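Residue numbers (the numbering used here), protein chains in the order written: chain A, 4 to 164; chain B, 94 to 162; chain C, 29 to 758; chain D, 1497 to 1577; chain E, 76 to 213; chain F, 1310 to 1504. For every residue, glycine included, the Cβ atom is placed at its ideal position computed from N, Cα and C.
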Amino acid sequence: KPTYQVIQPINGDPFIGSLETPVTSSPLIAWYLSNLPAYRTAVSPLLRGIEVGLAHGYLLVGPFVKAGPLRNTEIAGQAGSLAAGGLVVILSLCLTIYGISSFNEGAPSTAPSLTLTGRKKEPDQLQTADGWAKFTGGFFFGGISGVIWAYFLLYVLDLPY
Amino acid sequence: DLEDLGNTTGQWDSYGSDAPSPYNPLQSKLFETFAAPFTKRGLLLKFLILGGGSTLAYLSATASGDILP
Amino acid sequence: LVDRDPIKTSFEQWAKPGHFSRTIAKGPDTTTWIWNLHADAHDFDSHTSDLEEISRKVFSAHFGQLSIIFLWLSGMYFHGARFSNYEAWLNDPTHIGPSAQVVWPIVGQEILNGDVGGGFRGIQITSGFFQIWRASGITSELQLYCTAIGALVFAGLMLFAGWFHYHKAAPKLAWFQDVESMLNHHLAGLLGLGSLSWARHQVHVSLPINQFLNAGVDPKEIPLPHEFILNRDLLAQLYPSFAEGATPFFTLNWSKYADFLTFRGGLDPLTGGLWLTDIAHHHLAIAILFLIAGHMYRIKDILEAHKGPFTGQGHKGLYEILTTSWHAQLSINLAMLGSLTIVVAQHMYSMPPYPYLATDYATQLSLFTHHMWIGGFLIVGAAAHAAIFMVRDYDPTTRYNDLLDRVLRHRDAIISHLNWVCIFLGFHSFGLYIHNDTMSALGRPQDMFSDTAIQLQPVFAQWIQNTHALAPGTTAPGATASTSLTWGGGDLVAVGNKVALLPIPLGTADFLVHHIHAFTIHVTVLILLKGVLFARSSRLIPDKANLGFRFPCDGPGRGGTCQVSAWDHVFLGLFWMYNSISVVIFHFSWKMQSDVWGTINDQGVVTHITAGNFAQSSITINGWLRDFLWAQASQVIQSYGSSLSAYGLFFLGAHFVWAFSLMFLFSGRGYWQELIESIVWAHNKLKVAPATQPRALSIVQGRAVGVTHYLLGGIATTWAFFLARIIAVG
Amino acid sequence: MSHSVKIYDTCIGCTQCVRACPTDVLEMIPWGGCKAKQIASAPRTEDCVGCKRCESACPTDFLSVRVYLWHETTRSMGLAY
Amino acid sequence: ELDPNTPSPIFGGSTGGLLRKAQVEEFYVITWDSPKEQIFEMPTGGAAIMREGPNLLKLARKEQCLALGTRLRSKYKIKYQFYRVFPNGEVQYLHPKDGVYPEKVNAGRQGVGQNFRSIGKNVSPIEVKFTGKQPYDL
Amino acid sequence: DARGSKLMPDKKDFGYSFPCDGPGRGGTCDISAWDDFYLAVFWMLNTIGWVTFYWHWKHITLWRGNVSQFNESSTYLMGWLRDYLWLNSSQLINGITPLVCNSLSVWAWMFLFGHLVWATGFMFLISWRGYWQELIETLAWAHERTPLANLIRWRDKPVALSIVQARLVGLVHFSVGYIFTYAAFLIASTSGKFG
Ligand code: CLA
Ligand code: CLA
Ligand SMILES: CC1=C(/C=C/C(C)=C/C=C/C(C)=C/C=C/C=C(C)/C=C/C=C(C)/C=C/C2=C(C)CCCC2(C)C)C(C)(C)CCC1
Ligand SMILES: CC1=C(/C=C/C(C)=C/C=C\C(C)=C\C=C\C=C(C)/C=C/C=C(C)/C=C/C2=C(C)CCCC2(C)C)C(C)(C)CCC1
Ligand SMILES: CC1=C(/C=C/C(C)=C\C=C/C(C)=C/C=C/C=C(C)/C=C/C=C(C)/C=C/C2=C(C)CCCC2(C)C)C(C)(C)CCC1
Ligand SMILES: CCCCCCCCCCCCO[C@H]1O[C@H](CO)[C@@H](O[C@H]2O[C@H](CO)[C@@H](O)[C@H](O)[C@H]2O)[C@H](O)[C@H]1O
Ligand SMILES: CC1=C(C/C=C(\C)CCC[C@H](C)CCC[C@@H](C)CCCC(C)C)C(=O)c2ccccc2C1=O
Ligand SMILES: CC1=C(C/C=C(\C)CCC[C@H](C)CCC[C@@H](C)CCCC(C)C)C(=O)c2ccccc2C1=O
Ligand code: SF4
Ligand code: SF4
Ligand code: SF4
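Here's what the structure looks like:
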């Protein structure tokens, strides 16, 4: 009922701010994002890696196969993996040497669940390095790979119009 | 005071959190190793860096016939 | 102070050493204060704590300006009468190339003054009276010499009303701080009773006295001087004595008429101003509104009303203050006055409102760039003065908790966005061009962005322009063509040397300039917005409003702590706008001549001052000095020994003054001190210095002498560059 | 040094003279008289940023003061954050 | 944060105030006396009404509390406290410590002032080029 | 007086690059012996320009040469632009020229690379760390606040460049542009010729 929730700016204290509002926090947005890392960690990553790798994968095709350097290609290759498959490699390790910001190094192991987590204090890290690996390892097999059922597909395609 | 949609209605109520979705698509370990080389790593990643980048660059240029600049 | 207070000196103070801030100018001597005081001659922290007068001063300063325009332009209208050019031109227009102004021949001077004319040596003019002017029908040189003194009348009097305030014992609070009427009046009967009154002297007299001028004669072969009342036979032509209507209304019959009016749309042929006859109707149809409109009303009433959930409580009593801020009710205004001047700058060039413009090229682009720098020089201001609000004006807090207090609530936010906006632009809004170079210099056009190469394919044509002319599907009735001739549909046919006005169709290469404008308009505003918003307190300084909107910079710490403030956001925001406008100008003339400005020739084969070089070649940003700066400008650096020459001969100075600014812009301050003493030493040996402690420039004065010079430098450079490539071919 | 900009003077009296500065300065130590006899250049300075608001007012009668630590904190920066 | 509201001091929301590295370093909350409820300026673009107490709002960085302080003694009162919080409680305890109101004596603390030598003629350059035998490290 | 003066008596033990000092006293600034060196390098980039400028125009004209031309056209300032500077860019400016690309393209693109590197000096030079740092204070409320951008830690905290640094960088920027423009200018014109 309350003019917008029991009317609060933030979670409650005003003072951090973020002026929590729609597009910050509406039952409708907020939800379109929790198997995914925004709030909770669904599973120990390893898997999120490829839905991340892959979805972002078959992107970067018409960007560099329809806007390519000398464009609209007559080659077997593009439509194409090509260079883009090269980008997921540069990308994916530009990605790794960031997982040298956190190492923090363990196996604990839980994608299995005890007791509704809370994480407890997930906010902030508590991702060890042996986590950020299995993500940016999922990234490679998500990038390269997610680059082929892009071109594998014939483009049945829609014409400008 | 009849009307009021007497506690109307609530939800339980206007909580949400406690089970909004079953979590994830099955795929369990349809990958698990499956491809190891980032699933193995300690230690790697040079190894790979010279490899990927050696092909990309190596065949990336040389030959067959020109097609020149 | 006390030379001698209150009651008991008429006797004026000239002398004993004089004034400001309480450890007042010391006694003991300095230089800076002579620079202080021209600056910040009015700020209004000082003179009185209590607004009291000042509103009682700013009415007087206003009077002075109104006079002054008047002193001006009597001058102008003089000049315009008795150094005539005008009588001669008007029989003669489209031959003439017109002056008001002549040198005297002393020393060099007189290269300058080169035959303009109906047979006299001149300096050619590009502000047009001679076009405001066409309107007077009656004519002759000695009058304008009456309109002239009529000017000096309004002045002396509209300048003894300024005696007749402040200095005279004079007024008090209520009179402004009860507003309740003020727009009521203003818009009703002046906004109205001018445009209204202007109607009455815009068909009465002007219409007829160019209705049969648009043929020739030697004037007065046409128009008697008073001629135009109880009389009128002459109205009969140009229409009826209403013959039998009554006070409009209807039980009226036309089998053939409808009152003067009769709307025009398009341009006159053989005077392509646009019809001198929609000019009455439109002004008439204005005034009414104003006539009805300035009849609101007394206030919070409307403002205190509607509220929303995002929307602002503040909206209400959105300002008891407003009546007495001032600095705020000027800042708002400048944005409008200012932003309502450069909307002139379009409707002008794509819809001339004076007889003989377009054909007259140079005498309405000067315009479109003068009017253009005000619809900009007055906008950055319109921020400065808000910053002047945002810091100081009210004694105390009691604005409270609104809409503003709202906007600020977010503030590392409204400006958090706007930022990315710009780097999205810039990358899509300039490196775009740089592609071309890097790849047309690499050279493979297949893949440029050329209007031909990257595919839209050869139409601009349909967006609005094509719906706009094409106009009468409509509830629209009217008038054979357009509101503006340029819009795509319609016509070959406009004018007699020359082309005046034609579609202008754009495509791409109108597409992306149009976008650089975006990014230029946007990062301008970022700095002013974030500037005026973070006015008083910041995440870097809290203790930030405490002297100043000015202070130099807080101090070497916090890392930088230099620019900050908001004099300086209104210092680096000018710096941009100088581009904002400086590149919009660069846009219009390269278009308006590459296409449009014309010639007609047998069978009308159009010959644009440049056969559309624009085509494939503005897109390259070198083409912008291949086709612009190095192409045109060849007329600036050829201009010696001539008549205009004063442009080529300026174009070096002021193309010097600019390259003097950097010295003021780029340098320290205890430097010219450290230097100023070596000096001061040599000075003392001969016994020639100390008294009035010679001092270096006041950190921010130094910035004041940047900027200001960087502009009157970098600007008149083109004022020269221009008048030198429309005078002479074009 | 790690904050070393000398504002010292000789009176170190602080009435209609100088106070301004975010935390840094507790002074009022005395030294065995100087007229007003509150002395020194400083209190312990590992707390706040780098103003020269430090003179601007009340004499230093040699150097002004200024930026100079070099050796620079974050808290001493303003930004980390 | 509902389950405990301790609050004394009254904004509503803002974009302003502390973002993450107040948790990961050093915390900085200021507290105060009040009479009868008044409407205030802030740090961070503005403003609120107070009432009473603890009257213990927390700020980002120390410049900000003191900054009111100027703020807080025009419109007056004696009493303003500012403390520094970690994550993990104490050391560095900021306004508490002896007296307050600098411009008093009990003690010295601090400061010196001179280093080794006084203001007069360092026309004299720096000297020996850093060796760990001679008193150049304070 | 790197050792220093009145406005600074002290100015020492960092003699060189201590750039800036607090406002007050008279107002004190680029008054380190570095920032006079900093200031110096503009006139070493103005002499070493008048001088070099000179040879070439002379030489140029000397080679299919009228000499005459320098002789009447050394004399005055305008038409130091007009011919030289305005004559004889001629060729280079189109290597691009819309109807396709002619022999020199490196040079003219360098010559505009020349006008950018230069111009973009000015920021550094009319900007002064204060304005930059502050909006980076708002612009580092983004991520910290905005999703899918978050947790995610810099190892180095965002900042705006110190208060000596940018007097350099605008310069070491002013210079390349400038020195990379004449580089590309003379060559891009003593190569076609006419001389
Ligand atoms: C309708 C509004 C108009 C009015 C009435 C005012 C009024 C005021 N402005 Mg203001 N301002 C305006 C428009 C206006 N402004 C605009 C459009 C801008 C943007 C540029 C500004 C930017 C601005 C700033 C930054 C400041 C003010 C300040 C002020 C206050 C100080 C006035 C003063 O001492 O004169 C100042 C005039 C001089 C000292 C004369 C010097 C003029 C030089 C620069 C010459 C200009 C170049 C010209 C080509 C030279 C003549 C030709 C020559 C070569 C022969 C005053 C209340 C000042 C303040 O502190 O607020 C209290 C503050 O300085 N204004
Ligand atoms: C030619 C100029 C140079 C450049 C490139 C810039 C660029 C910028 N200025 Mg700026 N400025 C300059 C000179 C320059 N300025 C000068 C001389 C002054 C004063 C004399 C200022 C005063 C000023 C102010 C007050 C402000 C700016 C702001 C900005 C930013 C606006 C946002 C934007 O669109 O940036 C991005 C786009 C560009 C920089 C242009 C495109 C660059 C091309 C060449 C692409 C290169 C990218 C490519 C991937 C290179 C990688 C290759 C590899 C070999 C390295 C932008 C960074 C404002 C800001 O930060 O707002 C966001 C702020 O308002 N400037
Ligand atoms: C009581 C009476 C009355 C009254 C009378 C009068 C007194 C009137 C008037 C009239 C009027 C009162 C008019 C007015 C008009 C105005 C106008 C018309 C305006 C103007 C202006 C201008 C022209 C300007 C311009 C400009 C611009 C645009 C901006 C800036 C620049 C310049 C300035 C150029 C009557 C009649 C009923 C009668 C009975 C009695
Ligand atoms: C030896 C000597 C000398 C010297 C001289 C010289 C060497 C000079 C120069 C000069 C230069 C080398 C430059 C300058 C320039 C100036 C100027 C330039 C001024 C002014 C201006 C104006 C008037 C303007 C106006 C305008 C406007 C209106 C706005 C914008 C545009 C323009 C700019 C157009 C003398 C004799 C003095 C003194 C004695 C000694
Ligand atoms: C521009 C110019 C000028 C001129 C001036 C004059 C001399 C004038 C004018 C103008 C005017 C002066 C106008 C007037 C007009 C008027 C009017 C527009 C009126 C209105 C209406 C009426 C008349 C009334 C009506 C009524 C009715 C409806 C019925 C009964 C009641 C009453 C009466 C209300 C001057 C010198 C400054 C110089 C510069 C240029
Ligand atoms: C500039 C690149 C061309 C691309 C646009 C071309 C499409 C439209 C055709 C030409 C446009 C110019 O329009 C022009 O047409 C004719 C030139 O042949 C001229 O035709 C005019 O001259 C003659 C005199 O009686 C007659 O043929 C026409 O009745 C008359 O309109 C006109 O001066 C002008 O109306
Ligand atoms: C060059 C320069 C100076 C030096 C400029 C000075 C000292 C200009 C002041 C010179 C005045 C205008 C000379 C006045 C003397 C005459 C008016 C007196 C005789 C009167 C006549 C009849 C000649 C600064 O002070 C400065 C300050 C801050 C940032 C940058 C700079 C900067 O770049
Ligand atoms: C833009 C700008 C900033 C902001 C700082 C910025 C924008 C740094 C931005 C990083 C750029 C994008 C890096 C690109 C440079 C590359 C050539 C990489 C450098 C490689 C080296 C190790 C040499 C300041 O801090 C500043 C301070 C004082 C005066 C003027 C200014 C100023 O103009
Ligand atoms: S000039 Fe002064 S205020 Fe400006 S940056 Fe330097 S030290 Fe700071
Ligand atoms: S500022 Fe100087 S004079 Fe004033 S108290 Fe401090 S040391 Fe003494
Ligand atoms: S500005 Fe200077 S004097 Fe003031 S607290 Fe900071 S370091 Fe100390």
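Below-9 Å beta-carbon distance, residue i vs any chain C residue
i	result
residue 145 of chain E	yes
residue 31 of chain A	no
residue 117 of chain E	yes
Span separating the alpha-carbon of residue i from that of residue j
i	j	result
residue 333 of chain C	residue 6 of chain A	19 Å
residue 99 of chain A	residue 452 of chain C	27 Å
residue 738 of chain C	residue 685 of chain C	7 Å
residue 237 of chain C	residue 166 of chain C	7 Å
residue 631 of chain C	residue 519 of chain C	14 Å
residue 54 of chain C	residue 1432 of chain F	39 Å
residue 274 of chain C	residue 216 of chain C	25 Å
residue 1346 of chain F	residue 1559 of chain D	22 Å
residue 186 of chain C	residue 87 of chain C	12 Å
residue 675 of chain C	residue 664 of chain C	7 Å
DSSP-derived helix/strand/coil call for residue i
i	result
residue 127 of chain C	strand
residue 139 of chain A	helix
residue 156 of chain E	strand
residue 64 of chain C	strand
residue 338 of chain C	coil
residue 621 of chain C	helix
Any non-hydrogen atom of ligand 4 within 8 Å of residue i CB
i	result
residue 743 of chain C	yes
residue 1349 of chain F	no
Residue i Cβ short of 8 Å to ligand 6 heavy atom set
i	result
residue 551 of chain C	no
Closer than 8 Å: residue i CB and nearest ligand 5 heavy atom
i	result
residue 182 of chain C	yes
Closer than 9 Å to chain F by CB, residue i
i	result
residue 1562 of chain D	yes
residue 543 of chain C	no
Closer than 9 Å to chain E by CB, residue i
i	result
residue 1522 of chain D	yes
Any non-hydrogen atom of ligand 3 within 8 Å of residue i CB
i	result
residue 226 of chain C	yes
Residue-level contact to chain D via CB, residue i, 9 Å cutoff
i	result
residue 571 of chain C	yes
Heavy atom of ligand 1 within 8 Å of residue i beta-carbon
i	result
residue 352 of chain C	no
(Q) Going residue by residue through the stretch 369–415 of chain C, where are the continuous alpha helix (DSSP H) segments of at least 4 residues, counting only ones entirely within it? (A) With a minimum length of 4 residues, the continuous alpha helix (DSSP H) runs that stay inside the stretch 369–415 of chain C are 372–377, 394–405.
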